[PDB]
Amino acid sequence: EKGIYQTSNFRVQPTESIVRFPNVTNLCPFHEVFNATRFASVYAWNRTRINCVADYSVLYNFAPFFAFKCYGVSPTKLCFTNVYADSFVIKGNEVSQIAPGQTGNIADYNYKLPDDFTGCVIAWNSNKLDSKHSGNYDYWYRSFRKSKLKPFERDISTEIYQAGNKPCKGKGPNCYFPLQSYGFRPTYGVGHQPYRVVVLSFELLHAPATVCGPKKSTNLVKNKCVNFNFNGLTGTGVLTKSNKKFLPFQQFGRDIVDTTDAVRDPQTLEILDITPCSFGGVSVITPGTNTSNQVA
Amino acid sequence: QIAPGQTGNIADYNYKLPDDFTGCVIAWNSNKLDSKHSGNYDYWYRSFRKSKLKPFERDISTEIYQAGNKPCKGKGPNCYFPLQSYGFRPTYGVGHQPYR
Amino acid sequence: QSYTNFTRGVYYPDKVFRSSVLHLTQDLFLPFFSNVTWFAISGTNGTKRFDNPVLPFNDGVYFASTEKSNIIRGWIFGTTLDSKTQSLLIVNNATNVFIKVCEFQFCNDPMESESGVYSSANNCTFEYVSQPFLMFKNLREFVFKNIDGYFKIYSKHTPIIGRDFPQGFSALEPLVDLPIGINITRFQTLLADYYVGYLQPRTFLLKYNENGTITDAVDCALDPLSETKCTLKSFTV
Amino acid sequence: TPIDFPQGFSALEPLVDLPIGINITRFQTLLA
Amino acid sequence: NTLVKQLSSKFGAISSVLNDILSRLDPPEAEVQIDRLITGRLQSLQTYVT
Ligand SMILES: *[C@@H]1O[C@H](CO)[C@@H](O[C@@H]2O[C@H](CO)[C@@H](O)[C@H](O)[C@H]2NC(C)=O)[C@H](O)[C@H]1NC(C)=O
Ligand SMILES: *[C@@H]1O[C@H](CO)[C@@H](O[C@@H]2O[C@H](CO)[C@@H](O)[C@H](O)[C@H]2NC(C)=O)[C@H](O)[C@H]1NC(C)=O
Ligand SMILES: *[C@@H]1O[C@H](CO)[C@@H](O)[C@H](O)[C@H]1NC(C)=O
């Protein structure tokens, strides 16, 4: 019928999305573990913690990993609140045995892995460092131990398998010494050749929730209707230069009705006002369909 | 993971239910039939995929997925076979035993 | 001892900028005119070289001092404080503010010729350094709160004219917020004239300026006029 | 529609529901 | 002003921001929390209109 009718509301949509996070600090000491003069032993394990700012693309680029399997999503860099990194150099016959619920001679007598842990086991060819076949000191694990170990049993406490026809204290006749050349001597250079193996549990969830993957930041866009995410504070709006004087510790501001109206740029510290993108009602004016189909 | 709204390597890359799902998910411990002493490697799981799975889609491609900044043919340092077999054995714990 | 007439300790409850508004909020604050213990007892030599009292940490505490000598050097927060449990140690220096959280059996101080030797530490997990870089008479107010696994330290340093607690309102700006994750039930003051109060859940009406500072505050349950002010959300009734 | 286009209104009925489960981004028309 | 302030109310939800609910929770739990926020906001609109 003739008249003015209220129809669906209109919005001005954003054309692009921007994500802003502060300058990325120094990274977790993953480079020192992998790009090492000498690799660490099972007892000389590290505990990456807290400007860790984990970033796992550096390991994908640094070395040619050949047996890298992640129980959690191998691509996701996400959180953990701890990273319990562990290292060792092992023969390329037992690398497949560094896994939950597996046994063999290794793990039972070396580094048992529990069920239900993010076992992101990594491994690559170590022949370049163990090129001499005599035997290398830097990364000895435990080839044999008197009794089966519990998951995450202490690596710092080492021993010699007490095998024999009489009680053995560690070293002795028919006892198995962990420092025999073993894996470190490459010999063939395939198969049995020592493989540099790194395993990070990533399994400690606790109250701090600190270490997590690097947060990407896009360029800043102003004077346009955009979507935004500023340090986890998200929304839709138009960002403009602010005349507000924020205190050194304030990150965003609010109106009298507790809505967001300003942000602090994480990288430049410029104060930006957030204007909502235009919207309003839409009214359709018609003579009525019994006279004419022209509308306004 | 075989439930609406769940995440994980199967829910995301092998078999996914819609969030609006009506039906029944029945599971049984098959360790005595599927697990071989030496390991049953006939069952494969997808772990590397470019995109997440959409509801009831069955993608059986085995093309090599490269996680690095340089593609390659065949196996490579950042070039992985998309499927990982799992060797079920009678000695694995309940969490790692096969289920039908 | 048993000092009262204090009306100070309001701090910015969050990091949100507000301009010419009155904000009503419920948080842990030092109540106005609450009982604050004046520490005589441990002044000057006090019981130093013989003993050192340990105070409870109930939800959070207010600390203030006017000693220009910088005899006050730090705090230890935790439970057992004998290496059985993890504890937090904060020590100030001329140009280095150092926070370490780990198990400790003891520290350095159980005339004032030597300090900074310490004793031992083990299995240490968290360290943080120099948030403010530093830390003629000044009043140095601090608030120490431990909630949801985060240890929040607020502070303000203001000049004085030689008077004990010059009057006027000054809110404490946040200094540092660390994800420590430990249980804090007791703390102790380390010396090489300080006041300690306790925070309680309260509702306050905070007056924000045009430039985002807090210029006044009302303790909503102090008296019936303050309660009326919070009902109307106004400093004028 | 057994009656150029007269522009008369008509509507389609469901015919078949096939659980193919595939991406189906592209297609071709097959002619004899 | 009251109606706008109601957007900050949780109505029992873990958060008042829909994007936070969607980001941290799986669809099922997010749907429960969002449905709760929808109920609270509809109640606020009914109060305003009445
Ligand atoms: C880290 O933040 C600083 C600012 O605190 C950035 O430095 C500015 O960079 C712009 C160019 O993008 C220059 O025009 C400014 O003069 C710089 N200011 C200062 C104080 O350096 C810096 O680019 C950010 N990123 C890194 C990696 O440092
Ligand atoms: C269905 O096919 C399309 C086309 O191949 C897929 O879209 C591609 O997705 C990948 C994922 O990283 C992109 O890199 C490609 O650029 C996309 N193709 C384009 C834009 O033409 C789509 O992902 C497929 N669906 C599923 C569920 O895998
Ligand atoms: C805010 O800062 C400006 C800086 O020029 C100053 O002129 C103004 O007086 C300040 N306002 C208040 C209330 O302090």
# chains A, B, ... in the order shown; residues from 1 in each chain; ligands from 1

call {"tool": "interface_residues", "arguments": {"of": "chain E", "to": "chain B", "cutoff": "10 Å", "atoms": "only C-alpha atoms", "output": "list in words"}}
result
residues 25, 26, 27, 28, 29 and 30 of chain E

call {"tool": "interface_residues", "arguments": {"of": "chain A", "to": "chain B", "cutoff": "10 Å", "atoms": "only C-alpha atoms", "output": "ChimeraX atom specification"}}
result
/A:57,60-61,63-75,100-103,115-116,124

call {"tool": "residues_around", "arguments": {"residues": "residue 21 (chain B)", "least_positions_apart": "4", "cutoff": "12 Å", "atoms": "only C-alpha atoms", "output": "ChimeraX atom specification"}}
result
/B:2-5,16-17,25,55-56 /E:28

call {"tool": "write_last_selection", "arguments": {"atoms": "C-alpha atoms", "output": "short mmCIF file (atom, residue, chain, number, x, y, z; two decimals), in the first residue's frame"}}
result
data_model
loop_
_atom_site.label_atom_id
_atom_site.label_comp_id
_atom_site.auth_asym_id
_atom_site.auth_seq_id
_atom_site.Cartn_x
_atom_site.Cartn_y
_atom_site.Cartn_z
CA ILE B 2 34.47 -38.43 16.71
CA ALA B 3 31.78 -36.06 17.95
CA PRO B 4 30.33 -32.72 16.82
CA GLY B 5 32.50 -29.71 17.62
CA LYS B 16 34.55 -34.53 10.54
CA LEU B 17 30.94 -34.34 11.70
CA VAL B 25 28.82 -42.79 17.20
CA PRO B 55 31.73 -32.19 7.10
CA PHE B 56 31.47 -35.70 5.59
CA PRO E 28 29.14 -26.39 21.12
#

call {"tool": "residues_near_ligand", "arguments": {"ligand": "ligand 1", "cutoff": "12 Å", "atoms": "only C-alpha atoms and all ligand atoms", "output": "VMD selection string"}}
result
chain A and resid 20 to 26 217 219 to 220 265 to 270

call {"tool": "write_last_selection", "arguments": {"atoms": "C-alpha atoms", "output": "PDB file, in the first residue's frame"}}
result
ATOM      1  CA  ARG A  20      48.563  -5.308  15.297  1.00  0.00           C
ATOM      2  CA  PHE A  21      50.844  -6.757  17.993  1.00  0.00           C
ATOM      3  CA  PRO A  22      53.912  -5.163  19.626  1.00  0.00           C
ATOM      4  CA  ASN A  23      57.456  -5.602  18.331  1.00  0.00           C
ATOM      5  CA  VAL A  24      58.580  -9.211  18.512  1.00  0.00           C
ATOM      6  CA  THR A  25      61.201  -9.694  21.229  1.00  0.00           C
ATOM      7  CA  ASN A  26      64.133 -12.142  21.134  1.00  0.00           C
ATOM      8  CA  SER A 217      51.222  -8.028  12.722  1.00  0.00           C
ATOM      9  CA  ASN A 219      50.386  -2.895   8.421  1.00  0.00           C
ATOM     10  CA  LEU A 220      48.181  -0.230  10.021  1.00  0.00           C
ATOM     11  CA  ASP A 265      49.037   1.071  18.578  1.00  0.00           C
ATOM     12  CA  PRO A 266      51.238  -1.797  19.903  1.00  0.00           C
ATOM     13  CA  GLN A 267      54.264  -0.724  17.785  1.00  0.00           C
ATOM     14  CA  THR A 268      54.125   3.077  17.335  1.00  0.00           C
ATOM     15  CA  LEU A 269      52.209   4.016  20.534  1.00  0.00           C
ATOM     16  CA  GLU A 270      50.003   6.380  18.515  1.00  0.00           C
TER      17      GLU A 270
END

call {"tool": "residues_near_ligand", "arguments": {"ligand": "ligand 3", "cutoff": "10 Å", "atoms": "only C-alpha atoms and all ligand atoms", "output": "PDB file with N, CA, C and O atoms, in the first residue's frame"}}
result
ATOM      1  N   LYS A 244      43.537  12.443  22.232  1.00  0.00           N
ATOM      2  CA  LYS A 244      43.469  12.020  23.624  1.00  0.00           C
ATOM      3  C   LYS A 244      44.868  11.813  24.186  1.00  0.00           C
ATOM      4  O   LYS A 244      45.773  11.362  23.478  1.00  0.00           O
ATOM      5  N   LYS A 245      45.043  12.142  25.466  1.00  0.00           N
ATOM      6  CA  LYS A 245      46.325  11.991  26.149  1.00  0.00           C
ATOM      7  C   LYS A 245      46.253  10.787  27.086  1.00  0.00           C
ATOM      8  O   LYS A 245      45.775  10.898  28.219  1.00  0.00           O
ATOM      9  N   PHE A 246      46.727   9.640  26.607  1.00  0.00           N
ATOM     10  CA  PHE A 246      46.724   8.422  27.406  1.00  0.00           C
ATOM     11  C   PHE A 246      47.906   8.425  28.364  1.00  0.00           C
ATOM     12  O   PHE A 246      48.958   9.008  28.084  1.00  0.00           O
TER      13      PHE A 246
ATOM     14  N   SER C  19      37.806   9.644  30.349  1.00  0.00           N
ATOM     15  CA  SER C  19      37.907  11.102  30.326  1.00  0.00           C
ATOM     16  C   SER C  19      36.658  11.767  30.889  1.00  0.00           C
ATOM     17  O   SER C  19      35.570  11.634  30.321  1.00  0.00           O
ATOM     18  N   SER C  20      36.833  12.511  31.982  1.00  0.00           N
ATOM     19  CA  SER C  20      35.761  13.244  32.660  1.00  0.00           C
ATOM     20  C   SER C  20      34.544  12.377  32.983  1.00  0.00           C
ATOM     21  O   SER C  20      33.402  12.753  32.707  1.00  0.00           O
ATOM     22  N   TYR C 208      37.725  10.465  37.264  1.00  0.00           N
ATOM     23  CA  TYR C 208      38.730  10.594  36.217  1.00  0.00           C
ATOM     24  C   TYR C 208      38.763  12.015  35.667  1.00  0.00           C
ATOM     25  O   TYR C 208      37.734  12.689  35.571  1.00  0.00           O
ATOM     26  N   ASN C 209      39.964  12.462  35.306  1.00  0.00           N
ATOM     27  CA  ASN C 209      40.168  13.798  34.766  1.00  0.00           C
ATOM     28  C   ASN C 209      40.039  13.788  33.244  1.00  0.00           C
ATOM     29  O   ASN C 209      39.836  12.748  32.612  1.00  0.00           O
ATOM     30  N   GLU C 210      40.165  14.977  32.649  1.00  0.00           N
ATOM     31  CA  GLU C 210      40.153  15.083  31.190  1.00  0.00           C
ATOM     32  C   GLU C 210      41.334  14.337  30.576  1.00  0.00           C
ATOM     33  O   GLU C 210      41.209  13.748  29.496  1.00  0.00           O
ATOM     34  N   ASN C 211      42.483  14.340  31.255  1.00  0.00           N
ATOM     35  CA  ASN C 211      43.711  13.740  30.745  1.00  0.00           C
ATOM     36  C   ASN C 211      43.925  12.312  31.245  1.00  0.00           C
ATOM     37  O   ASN C 211      45.037  11.784  31.138  1.00  0.00           O
ATOM     38  N   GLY C 212      42.886  11.678  31.783  1.00  0.00           N
ATOM     39  CA  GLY C 212      42.932  10.281  32.154  1.00  0.00           C
ATOM     40  C   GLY C 212      43.448   9.963  33.540  1.00  0.00           C
ATOM     41  O   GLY C 212      43.549   8.774  33.875  1.00  0.00           O
ATOM     42  N   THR C 213      43.770  10.961  34.359  1.00  0.00           N
ATOM     43  CA  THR C 213      44.260  10.674  35.698  1.00  0.00           C
ATOM     44  C   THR C 213      43.079  10.570  36.657  1.00  0.00           C
ATOM     45  O   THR C 213      41.985  11.065  36.382  1.00  0.00           O
ATOM     46  N   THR C 215      41.726  11.818  40.175  1.00  0.00           N
ATOM     47  CA  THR C 215      41.936  12.938  41.087  1.00  0.00           C
ATOM     48  C   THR C 215      41.259  12.759  42.433  1.00  0.00           C
ATOM     49  O   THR C 215      41.677  13.402  43.401  1.00  0.00           O
TER      50      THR C 215
END

call {"tool": "interface_residues", "arguments": {"of": "chain E", "to": "chain A", "cutoff": "10 Å", "atoms": "only C-alpha atoms", "output": "compact mmCIF listing (two decimals) with C-alpha atoms, in the first residue's frame"}}
result
# COMPACT_ATOMS: atom_id res chain seq x y z
CA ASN E 1 22.69 4.49 28.26
CA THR E 2 21.35 1.59 30.26
CA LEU E 3 20.67 -0.46 27.17
CA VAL E 4 24.21 0.10 25.92
CA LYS E 5 25.65 -0.75 29.32
CA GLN E 6 23.74 -4.04 29.18
CA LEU E 7 26.04 -5.15 26.35
CA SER E 8 28.86 -5.39 28.91
CA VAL E 17 32.41 -10.41 23.93
CA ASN E 19 34.46 -12.88 19.48
CA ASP E 20 36.14 -14.07 22.69

call {"tool": "residues_around", "arguments": {"residues": "region 86-90 of chain A", "least_positions_apart": "3", "cutoff": "10 Å", "atoms": "only C-alpha atoms", "output": "number ranges by chain"}}
result
A: 33-34, 39-48, 83, 93-95, 98, 106, 111, 121-126, 138-143, 155, 182-184, 192-201
